[PDB]
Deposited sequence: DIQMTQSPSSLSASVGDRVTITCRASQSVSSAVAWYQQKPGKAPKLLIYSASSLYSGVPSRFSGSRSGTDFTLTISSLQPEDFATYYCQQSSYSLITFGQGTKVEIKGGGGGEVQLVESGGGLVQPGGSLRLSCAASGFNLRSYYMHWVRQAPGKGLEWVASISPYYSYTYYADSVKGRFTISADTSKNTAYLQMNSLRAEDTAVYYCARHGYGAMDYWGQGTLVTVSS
């Protein structure tokens, strides 16, 4: 006797923004509505119960309202730890249902990797890393990869202005790192692809004998 339709299914905002998520109750309506937050890999956490009551310990920028059939969760000033999937729940005397969930996502120096995908062993693949906010000719750039569930593994680096290259032993003679200064883009040319190459591939900018700026990564699955 209850049904909840949640909107939007995802949204991207910036830190400090005001975000609203709606759940429309299209059958029986009551105030027995709760909101949950779920971080990737973890169980849900209760935010609000009885449609508008703040759960003990939950920060005050979360609040809930009901107007007619519409229940709304408002995050008043979005914080970096707020990025998660949010669910509404409605309860009747006989049933419980959940809305479909809303993914809330983040977003100056910027790096964007592309090129990943599901690929066949033995073939070749080019990865790209598009830089903005800086001239990557003036920086060492790095590729670092991470197989699923495993650690960071440095793959290759290329030097500023002279394009000297450095490689991990594990990819030497198979991978070539390069860059197009005119396009402010760095590249990774992967040859003779194999199962160990399955990984998220990150591009990172050198600073301080370290890597201070990272892209979000592109997934390469070899199968």
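| task | Would you flag the ranges of the deposited sequence that the structure leaves without C-alpha positions? | result | Those parts of the chain that were deposited but carry no coordinates are 108-112, 229.
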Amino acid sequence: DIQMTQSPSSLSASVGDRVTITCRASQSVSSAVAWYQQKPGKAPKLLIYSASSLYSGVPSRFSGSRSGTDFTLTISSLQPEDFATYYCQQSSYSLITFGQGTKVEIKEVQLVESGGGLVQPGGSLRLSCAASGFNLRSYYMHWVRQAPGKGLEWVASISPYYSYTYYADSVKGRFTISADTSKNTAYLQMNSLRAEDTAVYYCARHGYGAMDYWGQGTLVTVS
From here on, numbers count along this sequence of modelled residues.
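| Between 53-61 and 31-39, which has the larger average Cα B-factor in the PDB entry? | Higher of the two, by average CA B-factor, is 53-61.
| Greater mean Cα temperature factor according to the PDB record, 132-140 or 148-156 | For C-alpha atoms only, the mean B-factor is higher in 132-140.
| message | Out of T165, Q189, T185, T69, whose C-alpha atom has the biggest B factor in the entry? | response | It is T69.
| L125 - Cα temperature factor, lowest/middle/highest third of chain | CA B-factor rank for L125: middle third.
| What third of its chain, lowest, middle or highest, does the C-alpha temperature factor of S7 fall into? | For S7, the deposited C-alpha B-factor lands in the middle third.
| field | Entry-reported Cα temperature factor of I106, expressed as the chain third it lands in | value | According to the entry, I106 has a C-alpha B-factor in the chain's highest third.
| task | Classify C203 as lowest, middle or highest third according to the C-alpha B-factor given in the PDB entry, relative to its own chain. | result | According to the entry, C203 has a C-alpha B-factor in the chain's lowest third.
| query | Can you tell me which third, lowest, middle or highest, the CA B-factor of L78 falls into for its chain? | reply | Ranked within chain, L78 CA B lands in the highest tercile.
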